[PDB]
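Asks: Sequence and experimental coordinates follow.
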Amino acid sequence: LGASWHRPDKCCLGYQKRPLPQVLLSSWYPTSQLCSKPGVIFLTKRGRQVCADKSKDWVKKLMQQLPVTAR
């Protein structure tokens with residue numbers, strides 16, 4: 001009961017063009033492809049979000065490196 005129609009918009013406006021230091025990330029949650037574009041935001045050991053295109057090489061590569069974030 002409440003903001004039930006307000007789904008979690010885990011989508012970002014743009015993805016990071018700079019290549020993250022793969023190791024620096026600890027996990028990656030999938031951004032819904034229903035938003036502007038399919039993406040995966042990475043959670044660093046600092047809890048910082050980094051939105052990336054799941055269709056981008058360096059993005060899928062990290063996703064195959066770090067596990068999926070449960071949050």
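Replies: Structure's in. What do you need? Numbers count the residues shown, from 1 in each chain.
Asks: Report the contact partners of residue 14.
Replies: Neighbour list for residue 14: residue 51 [criterion: CB atoms under 8 Å, 6 or more residues apart in numbering]. Yep, even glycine has a C-beta here, placed from its N, CA and C like the rest.
Asks: separation between it and residue 35?
Replies: Going from residue 14 to residue 35 by CB to CB, to the nearest Å gives 12 Å.
Asks: got it, and residue 26?
Replies: Relative to residue 35, residue 26 is positioned 23 Å away (CB to CB).
Asks: Residue 23 now?
Replies: 28 Å.
Asks: List the backbone torsions phi and psi for the nearest residue to residue 63 once chain neighbours are set aside.
Replies: Nearest non-adjacent residue to residue 63, counting by CB to CB, 6 or more residues apart in numbering: residue 28, 4.9 Å away. Per-residue torsions, residue 28: phi -140, psi 120 (degrees, to the nearest 10).
Asks: Test my guess that residue 61 contacts residue 22.
Replies: Yes - using CB atoms under 8 Å, residue 61 makes contact with residue 22 at a distance of 7.2 Å.
Asks: can you give me the strands in this structure?
Replies: For the chain, applying DSSP state E gives strands covering 25-31, 39-44, 49-53.
Asks: and of the ones you listed, who's closest to residue 18?
Replies: Residue 18 lies closest, by CB to CB, to one member of the strands of the chain: strand 49-53, at 9.3 Å.
Asks: Measure how that closest one sits relative to strand 39-44, angle-wise.
Replies: Angle, strand 49-53 to strand 39-44, by axes from the mean of the first three to the mean of the last three CA atoms, to 10 degrees: 150 degrees.
Asks: which parts of strand 49-53 are buried?
Replies: Residues of strand 49-53 classed as buried: 50-53 (neighbour count, 16 or more other CB atoms under 10 Å).
Asks: Equivalent analysis for stretch 61-71, please.
Replies: Applying a neighbour-count criterion of 16+ other CB under 10 Å, one finds 62-63, 66, 69 buried in stretch 61-71.
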